[PDB]
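Protein chains in written order, with the entry's author numbering: chain E, 1 to 260; chain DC, 2 to 51; chain DH, 52 to 101.
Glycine residues also receive a C-beta, built at the ideal position from the N, C-alpha and C atoms.
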Amino acid sequence: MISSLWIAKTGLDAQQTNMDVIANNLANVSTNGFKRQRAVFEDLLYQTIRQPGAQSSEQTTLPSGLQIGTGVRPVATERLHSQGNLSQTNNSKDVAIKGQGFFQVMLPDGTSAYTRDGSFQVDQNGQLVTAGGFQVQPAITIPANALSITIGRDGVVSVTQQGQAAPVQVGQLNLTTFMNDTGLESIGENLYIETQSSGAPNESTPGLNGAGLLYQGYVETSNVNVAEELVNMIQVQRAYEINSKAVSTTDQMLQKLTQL
Amino acid sequence: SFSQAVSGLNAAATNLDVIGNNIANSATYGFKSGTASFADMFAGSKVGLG
Amino acid sequence: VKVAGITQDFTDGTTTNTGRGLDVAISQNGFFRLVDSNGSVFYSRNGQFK
């Protein structure tokens, strides 16, 4: 009902969003290939009681005006597409991507999503699918009676059968990049889809045009550091408590005003 | 006073991280041990930025 | 540190004279060619034959 109360409400909402972001980052500290998110704010408008630099007299100008802020608005919550660390999972069908790029995947309706995960499995029909049932767009299939599947540093993937004393090539794991990886909007089950903010995807073999490289038998851990999350929790808790105390002070002031 | 302390906290972590790297890459053949170095930063005078 | 796979050493051994007649040793490079029941081809240096 009053300007200070509304400003404090906006501050409380901003701190609540910050705490929610911190909690979400801390929750999936062990998800493979997870990219953390950071919240960015920006202050709202200002009511100008007296125009700054106004012409007070024939020659004198106000060195500074009178402006009252209206609060703080959370402008965005952006993913930080940094480089996650790698671990030794020692699986023939586990791949990690070093650098930048995404593995394409086909949604059941028909569109294409993009992922950073590497836990690749095989469906009942022998097609290379990811955890969740989605299958890679280039449609790589693994034939039966397969001894070992070897994925090179580049996109070539080969399989070995019982005989023939030589590997046979199956397909190419081309990966796609975007002009602005931050603009991709996330969806459930660890996927990303193209939007207007990011550019049109460009597909390439690994190691060319800035794309990364594939490492077989590895997996990429989330880019979340537990050390600074706790201190961020401390700071956000203190800020929230301060805003609540400001609300209390405003309420007490108003009550003592209306006690008349 | 979090700004001064948090920066110092990160600096200690980086120093500890490099030590772990130098202690894990032992017995590697073509390896040279690495160490980190720091440097203070003051905006003007009497004010510390960590 | 990542492990770059094990590496084998193919230095010649020592041809101990154990007698008998079904045992052969190689003093230079060379692998015996072997086949299994299923038809696959294996390579080895074992001198035990019967």
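Give me the DSSP bridge partner(s) of E/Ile151.
E/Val157
At the level of alpha carbons, what is the spacing between E/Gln55 and E/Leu66?
14 Å
When the cut-off is 9 Å and only beta carbons count, does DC/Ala14 lie next to chain E?
yes
Quick check: the region 216–224 of chain E against the region 112–130 of chain E, are at least 3 beta-carbon pairs closer than 8 Å?
yes
Return the residues of the region 76–93 of chain DH that lie within a Cβ-Cβ distance of less than 9 Å from chain E, sorted by chain order.
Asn89, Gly90, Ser91, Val92
In the DSSP assignment, find the alpha helix (DSSP H) that holds E/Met253 and state where it starts and stops.
226–258
Rounded C-beta distance between E/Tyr215 and E/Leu128? I'm assuming under 8 Å.
The Cβ separation is near 17 Å, so there is no contact.
For a test of the three-state rule: what should DSSP assign to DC/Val19, helix, strand or coil?
helix
Does the structure place the region 40–53 of chain E close enough to the region 9–17 of chain DC that three or more beta carbon pairs sit under 8 Å?
no
Span of the alpha helix (DSSP H) around E/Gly11
3–27
Taking the CB atoms as reference points, tell me whether E/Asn223 and E/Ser82 lie closer together than 9 Å.
yes
List, in order along the chain, the chain DH residues whose C-beta lies closer than 8 Å to that of E/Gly163?
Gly90, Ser91
Rounded distance between the beta-carbons of E/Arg153 and E/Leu191, thought under 8 Å:
The Cβ separation is near 26 Å, so there is no contact.
E/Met106 to E/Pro52, Cα distance in whole Å?
57 Å
Could you check whether the region 174–185 of chain E touches the region 93–111 of chain E, counting it as contact only if at least three pairs of C-beta atoms, one from each stretch, sit closer than 8 Å?
yes
Please report the residue range of the beta strand (DSSP E) in which E/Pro74 lies.
72–79
Output the distance between the C-alpha atoms of E/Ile97 and E/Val156, rounded to the nearest integer angstrom.
14 Å
Quick one: give me the first and last residue of the beta strand (DSSP E) that residue 261 of chain E is part of.
Since the first and last residues shown for chain E are 1 and 260, residue 261 of chain E lies out of range.
Around the Cβ of E/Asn18, are there at least 16 other Cβ atoms within 10 angstroms (buried) or fewer (exposed)?
buried
Cβ distance (whole Å) where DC/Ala40 is taken to contact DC/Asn16 below 8 Å:
Actually they are not in contact, since the Cβ atoms of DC/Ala40 and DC/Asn16 sit about 13 Å apart, beyond 8 Å.
Can you tell me which of the three DSSP states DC/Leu10 falls into?
helix
Less than 8 Å between C-beta atoms, sequence neighbours within five positions excluded: which residues of the same chain meet that for E/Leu12?
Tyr240, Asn243, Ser244, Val247
Just mark E/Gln15 as buried or exposed, buried being the case when its beta carbon has 16 or more other beta carbons within 10 Å.
buried
Taking DSSP's pairing of strands, which residues face E/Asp43 in a bridge?
E/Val72
In chain order, what residues of the same chain have a beta carbon less than 8 Å from the beta carbon of DH/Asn97, not counting five sequence neighbours either side?
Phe83
Taking E/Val159 and E/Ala146 to be in contact with their CB atoms under 8 Å, please state how far apart those CB atoms are, rounded to whole angstroms.
5 Å
Which listed residue (E/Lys9, E/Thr31, E/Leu44) has its alpha carbon closest to that of E/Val75:
E/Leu44
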